[PDB]
Structures are given as C-alpha cells and as structure tokens.
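Residue numbers (my numbering), protein chains in the order written: chain U, 1 to 171; chain E, 172 to 340; chain A, 341 to 365; chain F, 366 to 501; chain B, 502 to 533; chain Z, 534 to 702. Cβ atoms here follow ideal geometry from the backbone N, Cα and C, with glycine treated the same way.
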Amino acid sequence: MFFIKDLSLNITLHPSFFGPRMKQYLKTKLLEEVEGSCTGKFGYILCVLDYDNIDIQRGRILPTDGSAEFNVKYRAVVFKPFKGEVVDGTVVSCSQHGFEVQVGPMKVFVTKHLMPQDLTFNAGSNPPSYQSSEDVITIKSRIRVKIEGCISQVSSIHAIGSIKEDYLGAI
Amino acid sequence: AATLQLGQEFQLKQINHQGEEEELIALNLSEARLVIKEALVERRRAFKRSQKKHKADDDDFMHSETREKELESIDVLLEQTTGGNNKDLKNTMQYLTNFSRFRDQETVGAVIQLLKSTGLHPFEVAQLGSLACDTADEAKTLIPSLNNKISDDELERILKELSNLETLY
Amino acid sequence: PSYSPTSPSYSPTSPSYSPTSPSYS
Amino acid sequence: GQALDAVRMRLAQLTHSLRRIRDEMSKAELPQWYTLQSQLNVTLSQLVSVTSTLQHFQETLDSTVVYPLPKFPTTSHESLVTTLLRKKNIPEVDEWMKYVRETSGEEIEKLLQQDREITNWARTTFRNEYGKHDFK
Amino acid sequence: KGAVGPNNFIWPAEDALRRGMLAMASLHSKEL
Amino acid sequence: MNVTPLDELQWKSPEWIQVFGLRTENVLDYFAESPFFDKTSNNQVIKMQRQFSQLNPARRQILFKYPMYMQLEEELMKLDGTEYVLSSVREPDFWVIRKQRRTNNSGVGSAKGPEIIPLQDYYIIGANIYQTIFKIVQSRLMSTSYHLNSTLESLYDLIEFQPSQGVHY
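Here's what the structure looks like:
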C-alpha cells in the first residue's frame with residue numbers, strides 16, 4: 001500500500017572520487033542504489049521525493065580502507081501490505097492448485113482450498129480459467145484478493161491470500 | 172489491514188525530519204501514478220537544464236491522447252530518466268497505467284474530495300479510490316474497516332458518484 | 341481532503357431581467 | 366437529497382474546471398494548441414455529464430419546495446435573496462431563438478412522418494453502404 | 502421610514518407619476 | 534398570445550400600502566386583489582359568507598399567536614378544496630403564505646385527517662410578490678453553453694494551420 005516515509009542510508013564513496021564534484025557522485029549513487037529496491041522493514045522502495053532537497057551529512061573516513069561513509073536522509077513513497085488486506089490485481093498465471101495475482105509490484109497466490117466450490121477450473125478454455133455462475137476470472141481480469149499472509153526476504157515479499165468468503169472474484 | 176493493524180512502521184501519526192506530527196499519507200493508483208510522473212518529468216527538466224548550463228516539448232508528455240500513447244511516453248520517460256536498470260519500476264508503472272481509474276488531475280481531486288469529505292481513515296479512502304464497488308455492501312465486505320463506520324446510504328451514494336466520475340476511455 | 345475550494349464568483353453587478361408589468365390597479 | 370447532493374458535487378467540479386480553463390486563458394501568453402484542445406474536450410464532456418445527470422433526477426429536483434430559513438434575515442440580505450431568486454434568461458439568447466423561429470417559420474404532422482421515413486431510409490442506406498465494403 | 506408621507510420624497514415618487522396626468526395623457530395619446 | 538409566466542410575476546400596490554400599510558392582519562387582504570388569488574377558492578366563499586352574516590417549527594407558533602388564524606381553521610375545516618393559508622411571518626417586512634389544497638377524505642378505513650397537498654410557492658417581500666429551480670439551472674447552463682460556443686468559434690477562426698509547423702496563431 002502506497003505510503004510516505006522517512007528513510008536513511010549509509011553510502012560509502014571510494015577514495016578515487018574525492019573531488020569538488022562529490023555531491024554529484026553521492027546523488028548518482030543514491031539514485032542508482034535506492035530506487036526500485038525492496039526492504040522487508042519498509043517494503044519495496046518505489047520512489048524518492050524532492051530530489052533537489054537531498055539531505056547530507058559530513059563524511060567520516062573509515063580507519064581501515066579510506067572510503068568515506070555518508071548518512072543520507074530523504075522522504076520516499078513505498079508499498080507494503082498488511083494482514084487481512086484486500087487488494088485488486090491482475091491474474092498472472094492459472095494453475096490447478098489455484099491462481100497468482102499481481103498487485104503493485106508483488107505477487108499474491110491463492111490455493112484452490114481458498115475459494116468457494118462454485119468456481120470450477122476450465123482447462124479447455126483458451127486460456128484456462130475459473131468459471132462460475134456469475135464471475136469468470138482469467139488473464140487481464142481485475143480480481144479482488146484478501147491477503148492473509150506475507151513472507152519477506154532480502155529482495156522481495158511474497159503473499160498468500162484467500163477469497164473463500166462472499167463478494168470476491170470478478171468485479 | 173483488516174483490523175487497521177498498520178504497526179509502528181506505518182503509524183497514523185508520522186514523525187518527519189522537522190519533528191512535527193503529521194497524518195499518515197496514503198495514495199491510490201491514480202495519485203501515486205500522477206506523483207511519480209510529475210517527479211520524473213521534473214527530474215528530466217532539471218537534467219536538461221543542467222546539460223544546457225554545462226554546454227515546449229515537455230507539454231505533450233503530460234497530456235496523452237490514448238492509453239497506448241501514454242505508455243509510449245512512459246517508456247520514453249523511463250529510458251531518458253531511469254536508464255532501464257529498474258524493471259520493478261516499469262512493472263509498477265505499467266500496472267498503474269493499465270488500471271488507473273482516473274486519468275485527469277481534476278477528476279482525481281474530485282474523487283479525493285468525495286472520499287475524504289466524510290473524514291474516514293486514509294487507508295479506507297485510498298482503498299475506495301483504488302476499488303470500484305457497485306453496491307455499498309460489496310465494499311463493506313471487501314473493506315472490513317468500513318463496516319459499522321459508514322451508513323449504507325452514504326456508501327451507496329459515494330460509490331454511485333465515483334462510478335459516474337469515471338472518465339470514459 | 342479537499343484539494344482547493346472554489347473562488348467566490350458572485351456577480352452582484354448583474355442587472356437581472358425580472359419582468360415588471362402588473363403595477364397598475 | 367441524494368440526487369441534489371450528486372448534482373452539487375458534479376456542478377462543483379464543473380465550476381472548478383471552468384475556473385481552471387479561465388485562469389489558464391487569462392495569461393497574456395497563449396499555451397500550446399493541444400493543451401487547449403484537451404481542456405476544451407474534458408470540460409465539454411463534463412458539461413455533457415452535467416446535462417445527463419440533471420436529466421436523470423428531474424423528479425427529485427421538482428419534488429423539492431424552496432423556502433427561506435427562519436434564521437436567515439431577509440431585511441439585510443434581500444438583495445442576495447433576489448439575486449438567486451431571479452431566473453429570466455439573458456435577453457440576447459431570447460431574441461436569438463425569436464429570430465431562429467422567425468427564420469424557421471395535419472400538414473405539419475404528415476411532414477413530421479415524412480421526416481420519420483427519410484430518417485429511417487437514410488439510416489438503412491448508410492448501413493447498407495457500410496456493409497458494402499469490408500472495413501476489417 | 503415605514504410611514505409613507507405624501508409629497509415629500511428625496512426622489513420622484515412612482516405613485517406620483519401614476520397619479521400624474523401624464524399617465525392618462527399617454528393613455529389618451531390618440532386624442533392628442 | 535405571449536404570456537409572462539406567473540412564477541416571475543410581481544405585483545405592486547402602492548395605494549393599498551399607503552392606505553392600510555403592511556401587516557399580518559391585512560396581508561391576506563393585500564393578497565385578495567392580486568391575480569394569483571383564485572376567485573374559485575373557498576376563501577372568497579368564506580368572505581361572502583362573513584359579509585352576508587354581518588349584513589344580516591414556526592407553524593405551531595403562528596398557530597397559537599393569532600385568533601383570526603383560529604377563525605380561519607374553524608371556517609375552513611368545513612369547506613374542502615383550494616384554500617390560502619399563511620406559512621410564516623417575520624416582522625416588519627417578511628411574510629410567506631402556504632399554498633395548499635385540502636381533500637377531507639372522511640372515508641371508512643382512513644384514520645388520518647384531511648389531506649393537505651402543496652400547489653405553489655408565494656413569497657411576500659416588502660410590497661412585492663414572487664412565485665422551478667430546475668428551469669433556472671438549465672437556463673444558466675444553456676446560456677453558458679451559448680457563450681462557450683461563441684468563444685470557441687471565434688478561437689477556431691483565430692486558429693491558423695501550416696503543414697510544416699502544425700497549428701499556430
């Protein structure tokens with residue numbers, strides 16, 4: 001879910017970049033390393049605001065290697081869900097065990113035990129989908145999934161959701 | 172966040188770098204897409220200004236005729252501002268563009284005014300801006316926080332007005 | 341919230357076009 | 366009240382769009398043609414939506430009866446009350462459709478049915494013309 | 502202010518013009 | 534034959550206010566000679582009956598304030614039909630009447646009293662009388678559309694095109 005947060009990072013600048021243009025190198029390093037990353041403490045790093053207003057701190061030369069470490073604070077827009085969240089998304093792949101829904105930059109999987117029995121798997125259809133009396137769900141179909149759990153690793157967060165209750169499926 | 176369990180990291184009250192408490196800010200697909208597009212075009216303009224310092228066309232990007240032309244402008248913007256090293260940003264931007272409920276800034280402002288005039292939680296407001304529900308009960312079930320907090324007539328009125336506000340493509 | 345309220349666009353200078361005719365008794 | 370509330374919000378956004386197009390036309394320098402087209406089309410389709418929604422809920426608007434507040438003082442705000450009370454059209458539009466009707470000027474009914482049959486015939490003819498050539 | 506006193510106003514009275522003979526003169530303009 | 538709508542019709546009676554003056558006692562007497570007062574209403578019938586006999590929220594407040602208003606009910610309950618009754622009064626300049634018609638349905642099975650149904654709106658402001666908002670809104674919108682059409686046709690006249698540049702001014 002999109003939110004604005006205050007973030008900080010420690011960036012090490014190599015001694016070979018020690019010149020009058022160090023601020024430019026720091027800005028390039030920050031933009032090239034932070035944007036698009038994922039942190040389990042704050043979710044995916046989507047965007048950074050006020051690029052011209054980057055805050056900086058005085059260097060502190062490390063005693064072992066000579067690389068100057070800097071502390072940079074900024075404000076960023078990030079995405080992270082919570083337990084019990086309901087989100088609309090796009091069906092990615094269809095399987096017999098369930099389905100996968102892309103929401104934002106993340107994937108939420110639903111197992112066949114997590115939908116009502118009225119939705120039946122049709123493999124002969126192109127592409128294979130889930131068909132019911134009222135709702136049909138397939139590729140590029142907007143589907144609402146109630147996220148139940150999330151697993152966070154260094155570079156990504158996976159999710160598992162359920163649509164077992166009513167008012168779920170095609171919109 | 173069925174029970175509005177946002178945790179410490181996403182508290183309603185945020186402490187900024189100035190030390191003053193602020194309301195937590197939540198943006199739907201339209202608001203986030205507009206903000207990121209504005210930031211990217213501003214960064215491109217700053218880059219062009221810097222290049223001119225070392226040594227018109229920007230009005231066509233923000234105003235897009237069609238979804239495909241908007242996507243092409245988005246690809247050009249990513250090529251000229253991002254470098255093509257960030258695939259996750261491209262995927263997020265494509266997801267925003269394909270399923271953006273509202274394309275015009277004024278209509279997005281109208282949606283924001285309609286949703287936050289009642290003073291609901293920012294999470295609920297952003298969810299309503301992201302989700303288009305035909306009936307009030309559908310939204311109430313799909314948004315458990317909205318239960319017991321908003322009258323059904325008000326929710327039906329808001330949903331019908333939002334559905335009417337959707338710009339035809 | 342509300343992005344911006346509407347500017348007051350009152351036009352008191354408008355002369356109005358009320359038809360007056362049933363004054364004679 | 367719900368219908369008038371929807372009318373209120375939609376007309377408020379229409380007035381906001383009018384204020385927008387106003388303060389981007391008031392500049393001494395005219396912007397690019399394309400931005401003007403986008404603003405024109407958006408505001409004009411919004412006016413269409415205004416017309417359609419006002420059409421939809423005529424019964425709710427008609428059922429409502431206008432009455433001043435007991436707390437509202439008319440002695441001091443009679444000018445403001447009269448400002449909103451008056452509804453007569455602007456004169457130029459009035460003589461506009463007067464000259465329009467002047468130019469336009471059982472017989473009328475049979476011309477009406479003749480117009481019906483011309484309309485239906487033209488529609489069928491253009492359907493046939495479209496079907497004649499493969500456009501896919 | 503609430504008592505309409507005759508023949509003493511700041512501006513010409515509408516009722517004075519209505520009661521004035523110019524009204525019938527315009528009515529009897531054909532006789533003129 | 535061209536008729537001015539009665540909604541915008543405004544009557545002035547300087548002679549009556551000069552002779553009698555504006556008061557709640559004779560506000561109905563002031564209204565009697567107006568065109569809006571239908572001669573077929575039961576109020577006029579009550580007036581001739583009284584003449585022959587002599588010859589031979591704020592609703593409850595104005596209910597309890599005046600005794601002639603009482604006499605109005607005890608002379609109006611017997612006659613059902615189009616009748617003129619006062620709505621509200623704030624002195625010394627504002628009076629509004631309530632235009633309603635009564636059908637005393639005394640049929641078996643209806644425990645309610647006589648049916649009261651609105652017919653028209655009348656506002657007495659000063660010595661003047663005023664009598665749909667839908668028409669006002671549509672008129673304003675159509676005049677706005679006419680002005681917009683004029684402006685846009687003028688602007689399109691100002692437009693000039695060249696193949697090698699596009700459209701300029």
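Distance between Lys23(U) and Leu260(E), taken at the CA atoms: about 25 Å.
The distance from the Cβ of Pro359(A) to that of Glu541(Z) is about 6 Å, consistent with a contact at the 8 Å cut-off. In this structure, the alpha-carbon of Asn122(U) lies about 5 Å from that of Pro128(U).
When rounded, the separation of the alpha-carbon atoms in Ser67(U) and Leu9(U) is 15 Å. Residues of chain A with a Cβ closer than 9 Å to the Cβ of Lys501(F) do not exist, since the nearest Cβ in that chain sits about 44 Å away. At least one CB of chain A lies nearer than 8 Å to the CB of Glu548(Z). Residue contact with chain E for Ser342(A): present (Cβ-Cβ distance below 8 Å to some residue of chain E). Distance from the Cα of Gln182(E) is smallest, within the candidate group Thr278(E), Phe294(E), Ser271(E), for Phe294(E).
Residue-level contact by beta carbon fails for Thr360(A) and chain F, as no gap is shorter than 8 Å. Among the CB atoms of chain F, one or more fall inside 8 Å of the CB of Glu277(E). Secondary structure in the stretch 622-696 of chain Z: the alpha helix (DSSP H) runs of 4 residues or longer, each lying completely within the stretch, are 666-691 in chain order.
If you ignore the 5 residues before and after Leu326(E), its C-beta comes within less than 8 Å of the C-beta of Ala307, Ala310, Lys311, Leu317, all in its own chain and listed in chain order. When the five nearest sequence neighbours on each side are left out, the beta carbons in the same chain lying within less than 7 Å of the beta carbon of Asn71(U) are those of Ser8, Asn10, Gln57, in order along the chain. Among the CB atoms of chain F, none fall inside 8 Å of the CB of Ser363(A). Excluding the 5 residues flanking it on each side, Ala170(U) has same chain C-beta neighbours closer than 7 Å at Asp135, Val136, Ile137, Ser141, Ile143, in chain order. Below 8 Å, enough C-beta pairs join the stretch 572-584 of chain Z and the stretch 602-619 of chain Z to call them touching: three or more. The continuous stretches of beta strand (DSSP E) do not include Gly470(F), and DSSP gives it neither H nor E.
With respect to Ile329(E), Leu302(E) sits apart: the two C-beta atoms are not nearer than 8 Å. Under the three-state reduction of DSSP output, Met374(F) falls in the helix class. Considering only beta carbons, the part of the stretch 226-244 of chain E lying closer than 7 Å to chain F consists of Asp230, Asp231, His234, in chain order. Membership of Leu450(F) in the alpha helix (DSSP H) is indicated by the continuous run 439-450. As computed with DSSP, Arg60(U) is found in a beta bridge with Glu69(U). By the Cβ neighbour-count rule, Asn187(E) is exposed, with fewer than 16 other Cβ atoms within 10 Å of its own. With a threshold of 8 Å between beta carbons, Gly503(B) makes contact with chain Z. The stretch 415-434 of chain F makes contact with the stretch 367-374 of chain F; the number of CB pairs closer than 8 Å reaches 3 or more. The Cβ neighbour count for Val552(Z), taken over all protein chains shown within 10 Å, is under 16; the residue is labelled exposed. Beyond the five residues adjoining it in sequence on each side, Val78(U) comes within less than 7 Å, by CB distance, of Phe3, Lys5, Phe42, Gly43, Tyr44, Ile45, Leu46 in the same chain, given in chain order.
Taking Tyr656(Z) as the centre and dropping the five residues before and after it, the same chain places the C-beta of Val629, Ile662, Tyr663, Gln664 closer than 8 Å to its C-beta, in chain order. For chain A, the residues of the stretch 540-565 of chain Z that bring a beta carbon within less than 9 Å of one of its beta carbons are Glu541, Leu542, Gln543, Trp544, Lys545, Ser546, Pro547, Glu548, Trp549, in chain order. Residue pairing of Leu9(U) in beta bridges, as defined by DSSP: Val72(U). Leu313(E) and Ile147(U) have their C-alpha atoms roughly 11 Å apart. Across the structure, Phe597(Z) and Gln284(E) are spaced so that their CA atoms are roughly 46 Å apart. The stretch 396-404 of chain F makes contact with the stretch 227-236 of chain E: 3 or more CB pairs, one atom from each, lie closer than 8 Å. For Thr263(E), the neighbours in chain U by C-beta distance under 7 Å run, in chain order, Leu46, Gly104, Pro105. Take the alpha-carbon of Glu250(E) and the one of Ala210(E): they are about 15 Å apart. Listed along chain E, the residues sitting closer than 9 Å to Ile171(U) by beta-carbon distance are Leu302, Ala303, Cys304, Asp305, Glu309.
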